[PDB]
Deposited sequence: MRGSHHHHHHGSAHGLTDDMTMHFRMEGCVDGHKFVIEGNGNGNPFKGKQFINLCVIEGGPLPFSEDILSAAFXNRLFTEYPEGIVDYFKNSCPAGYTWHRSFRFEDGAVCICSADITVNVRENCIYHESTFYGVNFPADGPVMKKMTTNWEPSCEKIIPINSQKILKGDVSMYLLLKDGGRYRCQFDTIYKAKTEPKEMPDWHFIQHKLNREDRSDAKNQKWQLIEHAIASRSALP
């Protein structure tokens, strides 16, 4: 297999976190096509549910392997497979709340499964804010800028994000991320953009808090000639 990836893989997730003192554990699975940058993620709160904060704050913690890259842009993430990569991000919300998340991605070639482990921590969500009042519905499609740090062979991501609200409003978050291959890269990409679409569908029931996330991402260069 090239880098051990196939166009129909499974995923396994485990996230441990704490927001304003509330601890939780989430587990899930999923399926996706890394070559088309599309994935389906099924999550369930196994500890700490029901969450007192909007689950949308956690969505972007659940894998750049799921990015459709054109041949003209180096694909740092798939080149890091099957060992995988790690990433660290800060979430700065406009009302002062701050979150930080980190994850480790590994490909289990024999199982055709991607193992994802993450940690998510957040503080100072206001009691009257949209996250504690569960006023959010989904993140708006975005355009992230990816920049190479050639001296360390790592990438930096910059994306101004917006969580859409039930009353028609919007809530801004600045995502600053560092992406690090586990394998020393033999090539580094030039800067580029990654456009993303991420959607959440609640699937909770009387017994468990659960939902599905669907992400589609594609890398590109400037649209201007």
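Point to revise | Deposited positions without coordinates, collected into consecutive stretches in sequence order | key: Unmodelled stretches, in sequence order: 1 to 11, 74.
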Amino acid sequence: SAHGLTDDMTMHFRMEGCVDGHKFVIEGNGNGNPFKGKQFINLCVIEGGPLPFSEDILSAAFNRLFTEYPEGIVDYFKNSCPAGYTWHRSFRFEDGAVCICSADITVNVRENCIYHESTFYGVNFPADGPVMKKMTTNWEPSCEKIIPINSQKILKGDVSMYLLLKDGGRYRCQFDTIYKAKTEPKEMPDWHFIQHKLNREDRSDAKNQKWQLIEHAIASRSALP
From here on, numbers count along this sequence of modelled residues.
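Review point. Per the entry, where is the mean C-alpha temperature factor higher: 43 to 51 or 160 to 168?
Key: Higher mean C-alpha B-factor: 43 to 51.
Exercise for review: Going by the average Cα B-factor in the PDB entry, point out whether 127 to 135 or 72 to 80 comes out higher.
Suggested key: Higher mean C-alpha B-factor in the PDB entry: 127 to 135.
Exercise for review: Go through 104, 94, 144, 140 one by one and give the residue whose Cα B-factor in the PDB entry is largest.
Suggested key: Most elevated C-alpha B-factor of the set, per the entry: 94.
Check your understanding: From 63, 33, 195, 183, which pick has the Cα B-factor that tops the rest in the entry?
Key -> The C-alpha B-factor peaks, among 63, 33, 195, 183, at 183.
Exercise for review: Within this chain's modelled residues, let me know which third the CA B factor of residue 37 belongs to: lowest, middle or highest.
Suggested key: For residue 37, whose C-alpha B-factor we compare with every modelled residue in the chain, the answer is the lowest third.
Review point. Which third of the chain does residue 149 land in by C-alpha B-factor: lowest, middle or highest?
Key: It falls in the top third of the chain.
Exercise for review: Report the third (lowest, middle or highest) to which the CA temperature factor of residue 18 belongs, ranking only the modelled residues of the same chain.
Suggested key: Answer is highest: the recorded C-alpha B-factor places it there.
Check your understanding: Going by what the PDB entry lists, where does residue 9 fall on CA B-factor within its chain: lowest, middle or highest third?
Key -> As the PDB entry reports it, the C-alpha B-factor of residue 9 lands in the middle third of its chain.
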